[PDB]
Number of protein chains: 2
Amino acid sequence: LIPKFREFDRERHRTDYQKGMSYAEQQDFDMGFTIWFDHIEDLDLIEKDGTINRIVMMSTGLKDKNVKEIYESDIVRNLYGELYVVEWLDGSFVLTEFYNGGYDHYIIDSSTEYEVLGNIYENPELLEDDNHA
Amino acid sequence: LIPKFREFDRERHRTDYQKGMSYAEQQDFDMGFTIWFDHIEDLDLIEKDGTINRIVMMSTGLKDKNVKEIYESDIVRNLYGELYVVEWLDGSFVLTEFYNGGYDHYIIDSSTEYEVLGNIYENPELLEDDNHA
C-alpha cells in the first residue's frame, strides 16, 4: 500500500480558505485501499470515462534534515547550497538541476543532507534564478 | 494516481481456484482513488486498528523486452544471462544480485534489455542457484 501521496489542485490554491496541496489519508479495507484527498475543484480534469488527471505526487520514502518526508516535486537544497527539484524518472527519483543545467542525479539517501524549501506548485519563486518573489 | 499496484496473498496462492497475485484496478472519484485487489484471504494481516499489512508491489513504470510492465519483486534476466530481483531501495528501484552477491544496481531503462522470468512469491525456484524446481 506503501508510498504516501499528495495532490495539488490549482483551483483550491486560488481559493483562500482551501489548501491547494492535500496530503492523503490511506484507508485499508478487504479488497484494497483508498487514497483520500480534499475534494477536487479543477473539474476540467474529470474525463467522460471517469478518469481524473489530478496532479498527484508520491513520497520518496526519505526524510530531509528537518525530518520532513521528501516528495516528488519538492525543491530541496543540499549542504553545499545547490537547489534541485525532486523528479520521478525512469524507475527512480532523481534531483534535477534547474539553474541552467538540466542534469539529473539519482537521489542519494544522503537524504538527511537535503532540506525541503518548498515545491514547484506552491513556491515557483524558488525556481527563479535570482531567488524568489 | 500513477503507479500500478499488485498484491500477493499467500492464502489465495494455496487455494487452487484463486490467484495468489492480484493486479489492481484503479478507480478515480472526486475525493481520491481506490486501488482494488481480489478479496484478502490472509486474515492474520488485518490489525485491530484497521490497517492491513498486505504484500503490495508497485510498478517501475518500465517495460521489459516482451513489453511486460516490470514490477517490484520481479525476477529479471539481462542480455548477458545475469538474474536480479527488482527491489525498492532508498528512493529508487534497483536490481539486486542473489546468486551470492548482494550488490544493488540502479535499474537502467535499458529496461527493454531485461526479461521478466517471474517473481519471488510465485516463482521461488528461480532464486535457487542451480536453476529452478
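As documented in the archive entry, the model was determined using X-ray crystallography at 1.80 Å resolution.

If you look chain A up in the PDB entry, it shows as ORF041 from Staphylococcus phage. Under its PDB header, the title given for this structure is "Crystal structure of ORF041 from Bacteriophage 37".

*Asks:* Sorry, what's going on with the sheet that holds strand β6 (residues 69-71) of chain A here?
*Replies:* Backbone-to-backbone hydrogen bonds pair the strands of a sheet. The strands run either parallel or antiparallel. All names here are of chain A. Here we have four strands laid out as an open sheet, ordered β2-β1-β5-β6, and antiparallel in their pairing. The strands lining the two open edges of the sheet, one partner per strand, are β2 (21-23) and β6. Within this sheet the neighbouring strands show an average axis-to-axis angle of 30°, counted without direction. Two strands pair when backbone bridges link them, and strand β1 (residues 5-8) and strand β5 (residues 55-63) are joined in this way by four bridges, in the antiparallel orientation. Opposite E7, over in β5, you have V56 as the bridge partner.

*Asks:* When you look at the sheet that holds strand β4 (residues 32-36) of chain A in this model, what are you seeing that I'm missing?
*Replies:* Spatially, four strands are ordered β3(A)-β4(A)-β4(B)-β3(B) in an open sheet, and the strand pairing comes out antiparallel. Strands with a single pairing partner mark the edges of an open sheet, and in this sheet they are β3 (25-29) of chain A together with β3 (25-29) of chain B. Looking at each pair of strands side by side, their axes are set apart by 15° on average, direction ignored. Judged from the five bridges that link them, β3 of chain A and β4 of chain A form a sheet pairing that is antiparallel.

Thresholds applied
- Residues numbered from 1 in each chain as written, not as in the entry; some residues may be left out.
- Chains lettered and ligands numbered in written order.
- Heavy atoms only, no water.
- Pairing = 2+ DSSP bridges.
- Helix = DSSP H or I, 4+ residues; strand = E, 2+ residues; numbered from the N terminus.
- Axes fitted to C-alpha atoms, helices over the stretch in contact; angles between N-to-C directions.

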